[PDB]
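A.B. asks: Handing you this structure, nothing more for now.
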Amino acid sequence: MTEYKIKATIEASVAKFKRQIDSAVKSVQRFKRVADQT
Amino acid sequence: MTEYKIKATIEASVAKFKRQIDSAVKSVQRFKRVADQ
Amino acid sequence: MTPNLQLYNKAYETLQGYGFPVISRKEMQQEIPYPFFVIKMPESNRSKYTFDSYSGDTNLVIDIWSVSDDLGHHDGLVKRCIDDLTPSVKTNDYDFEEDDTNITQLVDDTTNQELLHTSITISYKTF
Amino acid sequence: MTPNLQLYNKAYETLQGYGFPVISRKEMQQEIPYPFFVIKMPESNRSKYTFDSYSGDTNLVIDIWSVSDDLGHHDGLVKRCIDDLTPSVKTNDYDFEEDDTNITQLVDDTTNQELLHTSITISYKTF
Amino acid sequence: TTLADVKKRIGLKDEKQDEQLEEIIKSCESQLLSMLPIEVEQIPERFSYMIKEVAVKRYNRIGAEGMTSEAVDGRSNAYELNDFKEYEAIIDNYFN
Amino acid sequence: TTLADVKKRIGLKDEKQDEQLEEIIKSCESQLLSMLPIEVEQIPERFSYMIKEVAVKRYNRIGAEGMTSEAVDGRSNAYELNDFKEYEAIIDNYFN
Amino acid sequence: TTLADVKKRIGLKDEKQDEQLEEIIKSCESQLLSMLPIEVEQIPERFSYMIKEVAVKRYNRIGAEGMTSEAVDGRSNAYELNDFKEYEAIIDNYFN
Amino acid sequence: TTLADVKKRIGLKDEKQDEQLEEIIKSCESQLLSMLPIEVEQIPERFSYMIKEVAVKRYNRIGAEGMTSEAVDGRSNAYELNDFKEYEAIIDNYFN
Amino acid sequence: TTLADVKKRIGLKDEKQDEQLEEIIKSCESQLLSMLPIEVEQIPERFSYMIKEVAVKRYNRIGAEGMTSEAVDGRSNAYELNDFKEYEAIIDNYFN
Amino acid sequence: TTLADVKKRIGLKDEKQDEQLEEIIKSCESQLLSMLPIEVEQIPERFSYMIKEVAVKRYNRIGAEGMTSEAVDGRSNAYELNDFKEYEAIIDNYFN
Amino acid sequence: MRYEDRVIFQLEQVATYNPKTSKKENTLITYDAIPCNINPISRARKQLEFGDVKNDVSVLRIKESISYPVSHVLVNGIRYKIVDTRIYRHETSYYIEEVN
Amino acid sequence: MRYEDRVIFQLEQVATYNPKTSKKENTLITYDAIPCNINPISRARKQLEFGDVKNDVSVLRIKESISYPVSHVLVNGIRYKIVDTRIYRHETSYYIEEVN
Amino acid sequence: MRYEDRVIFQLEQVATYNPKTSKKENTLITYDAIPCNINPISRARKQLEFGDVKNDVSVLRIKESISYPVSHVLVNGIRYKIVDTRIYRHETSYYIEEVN
Amino acid sequence: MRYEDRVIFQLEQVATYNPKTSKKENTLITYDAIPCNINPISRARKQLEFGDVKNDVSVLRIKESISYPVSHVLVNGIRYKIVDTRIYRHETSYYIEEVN
Amino acid sequence: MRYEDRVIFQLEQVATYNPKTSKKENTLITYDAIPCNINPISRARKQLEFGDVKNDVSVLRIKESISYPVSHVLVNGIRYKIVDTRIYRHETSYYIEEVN
Amino acid sequence: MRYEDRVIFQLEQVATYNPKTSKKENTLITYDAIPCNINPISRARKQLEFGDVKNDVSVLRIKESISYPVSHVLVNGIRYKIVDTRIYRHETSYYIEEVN
Amino acid sequence: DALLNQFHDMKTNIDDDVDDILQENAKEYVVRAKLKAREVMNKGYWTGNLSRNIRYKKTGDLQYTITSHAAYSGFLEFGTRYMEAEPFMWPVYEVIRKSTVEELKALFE
């Protein structure tokens, strides 16, 4: 005999989206801080 | 062991949104100058 | 014609004169050498401005793709486009005046090759 | 009728006169030759405006699909619509006054074919 | 047999399928009476249960008469080769 | 057989498949009458149920007459090797 | 057997399946009494447990009387080829 | 046979495939007439149904003549080894 | 045979494959005439249909003449071990 | 044979592979001439087709001569045991 | 295949919207029933914006093919929209989903 | 493979946009029909921004290979864009999607 | 199938909200117990907004079918909502999930 | 393994950016051709920001191993970047993607 | 199953928060050790907000069943939270994850 | 298993940050080499924020077990971080990833 | 004006939304493969031990691996020196790919 198993794999990457969201967040916080002086 | 794969990689084109919000910031600052100066 | 198409045509009649290829989108069977220009149809806001005319905001984006081997030449194309399309563009029905121009560059590895991708936005007030 | 439906009907009475097909949404068994118009039901804000009337902001979106083989014609449709629906539309109960129009065009390859997709948004003040 | 005893075994309390079950039972009776010795004009009461058992088998096989297997989304069956195979031996041994 | 007796077992209640079932039944009768000895002119009523049973088997098999298996969008069938196989043991045992 | 003795083994404690178990037991008794020699009028008590055991086997098989295998929404069963197989070696060995 | 009886059995009411079916039937007739004893100049009417049955088998097999199995993206057929295998025995037994 | 008679069965209606079908048919004729006894100078018309049938089998097999199985982008074929296998039993039985 | 007739059968209208096909044909001719009786200096024209048939088999097998199966990313071939196996019997039967 | 069940095909023919009356009344063409084969009925929870509904996603099979245009089927007293139709040589297979 | 069906290949040759006339009229080169093998026709619901369309994703197979450039195929009266082509030693296999 | 376990079916009949009393009191119809077959009990961690709960996602099987409308089942002392029901010829199969 | 095809390995050697001339001109080292084994050519649609391109994702195999650094391969007249290299005892296997 | 390993069950009994003292001190009930069967120990990287930890997701099996409530297990000197418990006829199977 | 290859285990022992010198200099404990079995070397493209690197994700196997704490391995001249360690009765299996 | 809350929620929760859709498609892959096996493996030797041994595991974060654990299953998926192939996991790959992509799209459309 031989252990001729078969695999199928489903996987995803979020870390780029994570950083894109951080970039948008801090841009809106920039708007927040200038609106506070206005 | 043969492996079939499905990969999903997630994107957002925030480079437009950044430019929009920065344009808004720079536009608002003109008001502050007009008020104080 | 709308101002959109009037501007877009004047943009072709400029950029297409350099001899490098100009496209709105690349099709699969079409071979394009580097460097090349992608040019994208303007947006336009239009609103009442005087008792006798509208006026509005027309937003042009041109998009320059090159291999990173020589950055000085790529920048030379950028500067050549800006110097030809600004400060003003005049056409048959419309006038365009640079409100601002925004230049942004990325190093693009999507294609298994290190490309330079410059986006040139020009916001024309139009009358 | 709301102003929404009044305006939407007046828009069909215009666009349906061109002899190109006009649709709210394409159904699967329905064959549509290019070019064609999608049209979407207006949004409408309302608020008190005088001691005697409301007034408000009604937003109309019409949306023009064509094959990219001839851009001058597609822009001809865009201009023909904007010229027919501005500066003002009158109907039975409501008056509409243009406050803005926004034109945005995309090149669309969703359908294995290079189509032009123009969105025309028109903001009407209404009374 | 009666219909009612096949009906009781398969727990089928309504009447929606009596038209099929009466044909199934009529078929099983005819087949068993075909397997007996040529002289024998009547199914011996010793064997009266076989009609019922095979009728239940056939009830289950409705829609798979000629099929050794059926499969569909979420459900599948596999069937034995011959309904009377267990009983061919008993009928033989009784007459020999 | 009558058509109606086959019709009852497969649970049909309309006319929309009569022209197929007629030809199926007519073929089953011809085949069974081919299996009997040469001197036999008619299927004896002792065997009449066979014509019904195989007529149902073939009704299921319709569109698969040569096929060991048939898969169509997640329905799947596998078919018995020979429609009359069970009955060969009865027919031969009866005449011999 | 009593019904109660089968009922106890399969762990049932209510009345809701009696009409099936009764017919199952009655069928098992008829079959076993078919397997004994012709002169035997009753199952000898020496064998009474067989009627119970097969009555349990058939209770499990209910709804699958002809099926080698049965798969229903991820629940899959496969069945012994013959319920009385173990006991044929006892019955025959006892009378002969 | 007629064409129309094969046509009726396979339920094919249009005329889009008569050119193929007429060749299939002409082929089946020729093959059966090849399987008879050398003296026999005519297909016995006792066997006239075989032509129809095999023609239906062949109609199903269109596009898979030489292929034992055939599959694509949710549609699969597997075919029996020899169209006339069931009937070789009957033709033999009739002439012997 | 004529080419047209093969052409009709495989449903072809144009000229774009004639040069292959011609060579296939010419090969089938040569092979069958190799299987007959040495004294036979021509395929007897009694067997002419074989040349057609195998010509269709080979038409399907085209691009797979040596292959038992063939998968190409989800299209899967499996092929019969020998094109003339059925007909060996007719040819031999006819001359001997 | 000519090259041109193998060329016609395999539908190969350019000249990009004549260097391979001429070697394949030269090989098939040599092998067939090896299978004949020792005295026989020439391939009988009765067998001239075998050279062509096997040449096509070998043409399909290019890149898989030593291999029973070949697969990559959903292109798969499986090959028969022996190119001449069908013809070993015919050559024998002709000389015996 | 056992082709036991009877299916009624329909074409819902899309009308041109009438801005004088604010109506776009479609019309249904409906055909004679055909023998078909169909999967067992499901009644799954489907979860729309307004809440739960009993959906049924299914496949229906017919021998050879039909000459005429179709868009919906009615069978087992449920009405379905055709969302795929797959056309084999001797057989047609329709993927269908209940409406509502 | 049975190569029964006949395919017409096409090349849609992309023209340069002409700003003086607002046109970029392409031109179609179209070739003689070739014997091919093709999957059964699907007619799936595809759900575009403007609504539903009957899409067809498919695979087509031809023996050996063609000398000339191609971009679309017309077969069964449906026109497809080629989206992949896969070049085996003695066979070519094209992945094709209906346009519209 | 061994049909050993006993299931009690229920229909929770939805009342129309009463704005005069701010109540929409439903009513439960509850039926006689039926012999069924059920998968082994799970007690999975499910992670709601307010925290963890012991969920159970399961399948239950009954011979032939029931005449009457149902919505929930009570079995093994756990109450479940029916979320699919799948109607074979001689058998009915219900997908069920615990409430809470 | 039939090692029929001939591959040319390359190393694209990355130069340091020269700010006084705005150039970072790389240099290619290119090696003698090696016998290899490679998958059939694909030409898939790949959908970049600027549009469609004909991509080719593939695997190439060579016996034992090469002494020297590499980064790209040229074979069948297509240039690929190496994106994985897998080093078995007696065999080396390179995953490669076309550039452009 | 070989039931070699010994597991200690625990119930961490949740106390009610005391606002006078800002404490909600739970209490652990802990039971006599039971013979069990358990998967081999994993020590996977798990990547929390504060950093890496050595996590262990595992399954534990015991014959028949236990009368009493449980919430955690201690075995091999690792403490796990039970996240599923699956109740077969003669056997109980617990899905367990290390805490921390 | 053939345990041919020799692995050097390491523990990178984490020091506490010293705010008077802005240093947190770790120290490496390094052990005698052990016979191991390891997968063939991969050199995959990994695509970090600053660009491409040649990554290697692999599994390493040793007979029985080691008394002492570890965190990294050096083998084939590549340094890996241990990201999982699985502990069978007579065998230990380490999932390892190259650093950089 | 409070848009930072929406971006914060997206940053915080979408990890679990992706993990859930992966888990659901992994379960569906096993269910469909368990059916497809009997759909094609019908030459008549079926015990079903293969279908008793199709499983899946969360082998990594945002990574689910399905596995056919029966030793001979490769010989069935790919055929052999003596058997035609009866592929059973490949036809499910063609399904679950589409469902996974369109459901992840629907998470962001």
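Here, A, B, ... name the chains of the structure tokens in the order displayed, residue numbers run from 1 inside each chain, and ligands are numbered from 1 in the same displayed order.
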Give me the least-squares superposed chain P (reference chain K; all C-alpha atoms paired in order) as a compact mmCIF listing (two decimals) with N, CA and C atoms, in the first residue's frame.
C.D. replies:
```txt
# COMPACT_ATOMS: atom_id res chain seq x y z
N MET P 1 -33.22 7.82 -17.35
CA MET P 1 -33.97 8.66 -16.38
C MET P 1 -35.44 8.27 -16.39
N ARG P 2 -36.03 8.09 -15.22
CA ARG P 2 -37.48 8.11 -15.06
C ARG P 2 -38.03 9.53 -15.23
N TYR P 3 -38.74 9.78 -16.33
CA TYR P 3 -39.41 11.07 -16.57
C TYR P 3 -40.88 11.07 -16.13
N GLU P 4 -41.07 10.98 -14.82
CA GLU P 4 -42.40 10.85 -14.24
C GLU P 4 -43.13 12.19 -14.13
N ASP P 5 -42.51 13.19 -13.51
CA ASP P 5 -43.18 14.45 -13.20
C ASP P 5 -43.55 15.24 -14.45
N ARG P 6 -44.62 16.03 -14.36
CA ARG P 6 -45.06 16.89 -15.45
C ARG P 6 -44.78 18.35 -15.12
N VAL P 7 -44.05 19.03 -16.01
CA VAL P 7 -43.69 20.44 -15.86
C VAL P 7 -44.47 21.28 -16.86
N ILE P 8 -44.95 22.45 -16.41
CA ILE P 8 -45.51 23.46 -17.30
C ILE P 8 -44.48 24.57 -17.51
N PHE P 9 -44.02 24.75 -18.74
CA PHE P 9 -43.17 25.89 -19.05
C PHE P 9 -43.96 27.17 -19.21
N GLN P 10 -43.30 28.30 -18.95
CA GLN P 10 -43.86 29.62 -19.14
C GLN P 10 -42.80 30.55 -19.70
N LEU P 11 -43.25 31.55 -20.47
CA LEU P 11 -42.46 32.72 -20.80
C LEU P 11 -43.18 33.95 -20.27
N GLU P 12 -42.56 34.65 -19.33
CA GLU P 12 -42.99 35.98 -18.92
C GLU P 12 -42.44 37.05 -19.86
N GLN P 13 -43.28 37.56 -20.75
CA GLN P 13 -42.87 38.43 -21.83
C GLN P 13 -42.92 39.87 -21.34
N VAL P 14 -41.75 40.51 -21.34
CA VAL P 14 -41.52 41.81 -20.73
C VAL P 14 -42.08 42.93 -21.60
N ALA P 15 -43.02 43.69 -21.06
CA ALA P 15 -43.60 44.83 -21.75
C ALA P 15 -42.75 46.07 -21.54
N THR P 16 -42.89 47.03 -22.45
CA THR P 16 -42.21 48.31 -22.31
C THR P 16 -42.99 49.25 -21.40
N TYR P 17 -42.28 49.90 -20.49
CA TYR P 17 -42.88 50.82 -19.52
C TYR P 17 -43.68 51.92 -20.20
N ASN P 18 -44.92 52.12 -19.74
CA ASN P 18 -45.80 53.14 -20.30
C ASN P 18 -45.84 54.34 -19.36
N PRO P 19 -45.15 55.44 -19.67
CA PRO P 19 -45.10 56.57 -18.73
C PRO P 19 -46.39 57.34 -18.58
N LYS P 20 -47.35 57.19 -19.48
CA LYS P 20 -48.62 57.88 -19.30
C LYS P 20 -49.52 57.18 -18.29
N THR P 21 -49.28 55.90 -18.00
CA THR P 21 -50.08 55.18 -17.02
C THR P 21 -49.25 54.54 -15.92
N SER P 22 -47.94 54.73 -15.93
CA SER P 22 -47.03 54.22 -14.91
C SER P 22 -47.07 52.70 -14.76
N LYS P 23 -47.42 51.99 -15.82
CA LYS P 23 -47.58 50.54 -15.80
C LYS P 23 -46.59 49.92 -16.77
N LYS P 24 -46.06 48.75 -16.43
CA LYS P 24 -45.35 47.92 -17.41
C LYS P 24 -45.83 46.48 -17.41
N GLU P 25 -47.15 46.29 -17.32
CA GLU P 25 -47.79 44.98 -17.27
C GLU P 25 -47.22 43.96 -18.27
N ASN P 26 -46.42 43.02 -17.77
CA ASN P 26 -45.95 41.87 -18.54
C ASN P 26 -47.12 40.99 -18.97
N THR P 27 -46.85 40.06 -19.89
CA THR P 27 -47.83 39.00 -20.18
C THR P 27 -47.18 37.62 -20.20
N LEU P 28 -47.88 36.63 -19.66
CA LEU P 28 -47.39 35.25 -19.62
C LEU P 28 -47.93 34.44 -20.79
N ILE P 29 -47.03 33.91 -21.60
CA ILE P 29 -47.30 32.76 -22.45
C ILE P 29 -47.09 31.49 -21.65
N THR P 30 -47.99 30.52 -21.78
CA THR P 30 -47.89 29.29 -21.02
C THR P 30 -48.18 28.09 -21.91
N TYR P 31 -47.36 27.05 -21.77
CA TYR P 31 -47.30 25.93 -22.70
C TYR P 31 -47.92 24.68 -22.11
N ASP P 32 -48.16 23.71 -23.00
CA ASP P 32 -48.60 22.38 -22.58
C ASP P 32 -47.53 21.67 -21.75
N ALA P 33 -47.99 20.87 -20.79
CA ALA P 33 -47.09 20.20 -19.86
C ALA P 33 -46.25 19.12 -20.55
N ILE P 34 -45.01 19.00 -20.10
CA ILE P 34 -44.00 18.10 -20.67
C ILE P 34 -43.57 17.10 -19.60
N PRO P 35 -43.35 15.83 -19.93
CA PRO P 35 -42.74 14.91 -18.96
C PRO P 35 -41.29 15.28 -18.66
N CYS P 36 -40.98 15.40 -17.37
CA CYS P 36 -39.68 15.80 -16.85
C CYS P 36 -39.29 14.92 -15.67
N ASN P 37 -38.02 15.04 -15.30
CA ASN P 37 -37.42 14.47 -14.10
C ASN P 37 -36.81 15.58 -13.25
N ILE P 38 -37.10 15.57 -11.95
CA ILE P 38 -36.74 16.67 -11.05
C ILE P 38 -36.23 16.16 -9.71
N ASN P 39 -35.25 16.87 -9.15
CA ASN P 39 -34.74 16.59 -7.81
C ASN P 39 -35.83 16.64 -6.75
N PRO P 40 -35.65 15.93 -5.63
CA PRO P 40 -36.53 16.12 -4.47
C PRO P 40 -36.60 17.56 -3.99
N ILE P 41 -37.80 17.96 -3.57
CA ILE P 41 -38.06 19.31 -3.08
C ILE P 41 -37.26 19.62 -1.82
N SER P 42 -36.50 20.70 -1.86
CA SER P 42 -35.95 21.39 -0.70
C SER P 42 -36.82 22.60 -0.34
N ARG P 43 -36.72 23.03 0.92
CA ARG P 43 -37.40 24.23 1.39
C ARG P 43 -36.49 25.03 2.33
N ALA P 44 -35.31 25.38 1.82
CA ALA P 44 -34.29 26.06 2.61
C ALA P 44 -34.75 27.42 3.14
N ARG P 45 -34.30 27.75 4.34
CA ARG P 45 -34.25 29.14 4.80
C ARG P 45 -33.39 29.99 3.88
N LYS P 46 -33.99 30.99 3.24
CA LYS P 46 -33.29 32.09 2.60
C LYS P 46 -33.61 33.39 3.32
N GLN P 47 -32.59 34.22 3.55
CA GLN P 47 -32.62 35.31 4.52
C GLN P 47 -32.50 36.67 3.83
N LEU P 48 -33.62 37.14 3.28
CA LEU P 48 -33.71 38.38 2.53
C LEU P 48 -33.71 39.59 3.47
N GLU P 49 -33.61 40.78 2.86
CA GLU P 49 -33.60 42.03 3.61
C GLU P 49 -34.82 42.19 4.51
N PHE P 50 -35.98 41.69 4.10
CA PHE P 50 -37.16 41.76 4.96
C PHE P 50 -37.34 40.55 5.86
N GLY P 51 -36.61 39.47 5.65
CA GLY P 51 -36.68 38.34 6.56
C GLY P 51 -36.54 37.00 5.86
N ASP P 52 -36.94 35.96 6.59
CA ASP P 52 -36.91 34.59 6.11
C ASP P 52 -37.96 34.26 5.05
N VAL P 53 -37.56 33.47 4.05
CA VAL P 53 -38.46 32.84 3.09
C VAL P 53 -38.02 31.40 2.84
N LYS P 54 -38.98 30.54 2.49
CA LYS P 54 -38.71 29.16 2.08
C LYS P 54 -38.35 29.05 0.60
N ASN P 55 -37.06 29.08 0.30
CA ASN P 55 -36.50 28.98 -1.04
C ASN P 55 -36.35 27.52 -1.48
N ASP P 56 -36.28 27.31 -2.80
CA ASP P 56 -36.03 25.99 -3.40
C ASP P 56 -35.17 26.08 -4.66
N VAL P 57 -33.91 25.66 -4.55
CA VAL P 57 -32.94 25.64 -5.65
C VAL P 57 -32.76 24.21 -6.17
N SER P 58 -33.02 23.98 -7.47
CA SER P 58 -33.33 22.64 -7.97
C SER P 58 -32.86 22.50 -9.41
N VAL P 59 -32.88 21.25 -9.91
CA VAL P 59 -32.56 20.91 -11.30
C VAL P 59 -33.65 20.04 -11.92
N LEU P 60 -34.02 20.35 -13.16
CA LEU P 60 -35.07 19.69 -13.93
C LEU P 60 -34.56 19.21 -15.29
N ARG P 61 -34.92 17.99 -15.68
CA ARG P 61 -34.37 17.32 -16.86
C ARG P 61 -35.46 16.83 -17.80
N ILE P 62 -35.29 17.10 -19.10
CA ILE P 62 -36.23 16.71 -20.15
C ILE P 62 -35.50 16.06 -21.32
N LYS P 63 -36.15 15.06 -21.92
CA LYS P 63 -35.63 14.36 -23.08
C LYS P 63 -35.71 15.17 -24.37
N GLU P 64 -34.63 15.15 -25.14
CA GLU P 64 -34.37 16.03 -26.30
C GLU P 64 -34.57 17.48 -25.88
N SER P 65 -35.40 18.25 -26.57
CA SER P 65 -35.40 19.69 -26.41
C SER P 65 -36.73 20.24 -26.89
N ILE P 66 -36.98 21.49 -26.51
CA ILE P 66 -38.24 22.16 -26.81
C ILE P 66 -37.99 23.26 -27.83
N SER P 67 -38.93 23.41 -28.76
CA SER P 67 -38.79 24.34 -29.86
C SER P 67 -38.85 25.80 -29.42
N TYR P 68 -39.42 26.08 -28.26
CA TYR P 68 -40.00 27.38 -28.01
C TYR P 68 -39.33 28.10 -26.84
N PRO P 69 -39.39 29.43 -26.83
CA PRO P 69 -38.76 30.18 -25.74
C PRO P 69 -39.48 30.01 -24.41
N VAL P 70 -38.69 29.97 -23.33
CA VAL P 70 -39.19 29.79 -21.98
C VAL P 70 -38.37 30.65 -21.02
N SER P 71 -38.91 30.86 -19.83
CA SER P 71 -38.23 31.67 -18.82
C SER P 71 -38.51 31.16 -17.41
N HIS P 72 -39.70 30.62 -17.19
CA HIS P 72 -40.12 30.08 -15.90
C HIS P 72 -40.72 28.70 -16.09
N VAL P 73 -40.73 27.93 -15.01
CA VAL P 73 -41.44 26.66 -14.99
C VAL P 73 -42.35 26.64 -13.78
N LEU P 74 -43.46 25.93 -13.91
CA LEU P 74 -44.33 25.62 -12.79
C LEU P 74 -44.39 24.11 -12.67
N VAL P 75 -44.00 23.59 -11.51
CA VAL P 75 -44.00 22.16 -11.26
C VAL P 75 -44.16 21.92 -9.77
N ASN P 76 -44.83 20.83 -9.42
CA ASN P 76 -45.17 20.53 -8.03
C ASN P 76 -45.92 21.68 -7.38
N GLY P 77 -46.55 22.54 -8.18
CA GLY P 77 -47.21 23.71 -7.66
C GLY P 77 -46.31 24.83 -7.21
N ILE P 78 -45.01 24.76 -7.50
CA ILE P 78 -44.08 25.84 -7.22
C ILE P 78 -43.66 26.45 -8.55
N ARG P 79 -43.57 27.78 -8.59
CA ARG P 79 -43.08 28.51 -9.75
C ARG P 79 -41.61 28.89 -9.61
N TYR P 80 -40.79 28.51 -10.59
CA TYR P 80 -39.36 28.76 -10.61
C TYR P 80 -38.97 29.60 -11.81
N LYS P 81 -37.97 30.45 -11.60
CA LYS P 81 -37.19 31.06 -12.66
C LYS P 81 -36.05 30.15 -13.10
N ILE P 82 -35.94 29.93 -14.41
CA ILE P 82 -34.78 29.28 -15.00
C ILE P 82 -33.55 30.17 -14.93
N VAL P 83 -32.49 29.67 -14.30
CA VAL P 83 -31.26 30.41 -14.13
C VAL P 83 -30.10 29.79 -14.89
N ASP P 84 -30.17 28.52 -15.26
CA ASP P 84 -29.29 27.99 -16.29
C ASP P 84 -30.03 26.92 -17.07
N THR P 85 -29.72 26.82 -18.36
CA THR P 85 -30.17 25.72 -19.21
C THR P 85 -29.02 25.13 -20.01
N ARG P 86 -28.77 23.85 -19.80
CA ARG P 86 -27.64 23.14 -20.38
C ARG P 86 -28.14 22.15 -21.42
N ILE P 87 -27.53 22.17 -22.61
CA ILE P 87 -28.07 21.52 -23.80
C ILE P 87 -27.22 20.35 -24.30
N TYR P 88 -27.43 19.17 -23.75
CA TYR P 88 -26.76 17.97 -24.24
C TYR P 88 -27.40 17.50 -25.54
N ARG P 89 -26.74 16.53 -26.18
CA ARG P 89 -27.19 16.01 -27.48
C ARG P 89 -28.65 15.56 -27.45
N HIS P 90 -29.00 14.66 -26.54
CA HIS P 90 -30.33 14.06 -26.48
C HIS P 90 -31.13 14.52 -25.27
N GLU P 91 -30.63 15.48 -24.51
CA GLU P 91 -31.21 15.79 -23.22
C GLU P 91 -30.97 17.26 -22.92
N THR P 92 -31.94 17.89 -22.25
CA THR P 92 -31.83 19.26 -21.78
C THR P 92 -32.01 19.32 -20.27
N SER P 93 -31.15 20.09 -19.62
CA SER P 93 -31.10 20.19 -18.18
C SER P 93 -31.17 21.65 -17.74
N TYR P 94 -32.18 21.97 -16.94
CA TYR P 94 -32.50 23.32 -16.48
C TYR P 94 -32.24 23.45 -14.99
N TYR P 95 -31.37 24.38 -14.63
CA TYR P 95 -31.25 24.83 -13.24
C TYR P 95 -32.30 25.88 -12.92
N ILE P 96 -33.06 25.68 -11.85
CA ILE P 96 -34.23 26.50 -11.57
C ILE P 96 -34.25 26.89 -10.09
N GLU P 97 -34.73 28.11 -9.82
CA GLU P 97 -34.90 28.63 -8.46
C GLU P 97 -36.30 29.16 -8.25
N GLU P 98 -36.92 28.81 -7.13
CA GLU P 98 -38.23 29.38 -6.80
C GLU P 98 -38.19 30.90 -6.77
N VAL P 99 -39.27 31.52 -7.26
CA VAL P 99 -39.51 32.95 -7.12
C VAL P 99 -40.29 33.27 -5.85
N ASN P 100 -39.79 34.24 -5.08
CA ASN P 100 -40.01 34.41 -3.65
C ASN P 100 -39.10 33.51 -2.83
```
A.B. asks: Give me the residues of chain Q that have any atom at most 12 Å from an atom of chain G; for each, the nearest atom pair and the distance in Å, rounded to one decimal. Use only C-alpha atoms, sort by chain and number, and format it as JSON lines.
C.D. replies:
```
{"residue": "Q:30", "atom": "CA", "partner": "G:74", "partner_atom": "CA", "distance": 10.6}
{"residue": "Q:31", "atom": "CA", "partner": "G:74", "partner_atom": "CA", "distance": 8.0}
{"residue": "Q:32", "atom": "CA", "partner": "G:74", "partner_atom": "CA", "distance": 10.7}
{"residue": "Q:33", "atom": "CA", "partner": "G:74", "partner_atom": "CA", "distance": 11.6}
{"residue": "Q:34", "atom": "CA", "partner": "G:74", "partner_atom": "CA", "distance": 8.4}
{"residue": "Q:35", "atom": "CA", "partner": "G:74", "partner_atom": "CA", "distance": 9.1}
{"residue": "Q:38", "atom": "CA", "partner": "G:71", "partner_atom": "CA", "distance": 10.1}
{"residue": "Q:44", "atom": "CA", "partner": "G:68", "partner_atom": "CA", "distance": 11.3}
{"residue": "Q:45", "atom": "CA", "partner": "G:68", "partner_atom": "CA", "distance": 11.6}
{"residue": "Q:46", "atom": "CA", "partner": "G:69", "partner_atom": "CA", "distance": 9.5}
{"residue": "Q:47", "atom": "CA", "partner": "G:78", "partner_atom": "CA", "distance": 8.0}
{"residue": "Q:48", "atom": "CA", "partner": "G:76", "partner_atom": "CA", "distance": 8.9}
{"residue": "Q:49", "atom": "CA", "partner": "G:76", "partner_atom": "CA", "distance": 10.7}
{"residue": "Q:51", "atom": "CA", "partner": "G:74", "partner_atom": "CA", "distance": 9.7}
{"residue": "Q:52", "atom": "CA", "partner": "G:76", "partner_atom": "CA", "distance": 9.0}
{"residue": "Q:54", "atom": "CA", "partner": "G:74", "partner_atom": "CA", "distance": 11.7}
```
A.B. asks: Could you name the residues that touch residue 47 (chain F) at 12 Å or less, counting only C-alpha atoms, but leaving out those on the same chain fewer than 4 positions away, as a PyMOL selection string?
C.D. replies: (chain E and resi 27-35) or (chain F and resi 1+29+32-33+35-36+42-43+51-54+87-88+90-91+94)
A.B. asks: Within 7 Å of region 12-23 of chain B, counting only C-alpha atoms, which residues qualify if same-chain residues fewer than 6 places away don't, as a list in words?
C.D. replies: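 Within the cut-off, the hits are residues 17, 20, 24, 27 and 28 of chain A.
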A.B. asks: Would you compute the distance between CA of residue 101 (chain Q) and CA of residue 14 (chain A)? Give it in Å to one decimal.
C.D. replies: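 CA of residue 101 (chain Q) sits 14.4 Å away from CA of residue 14 (chain A).
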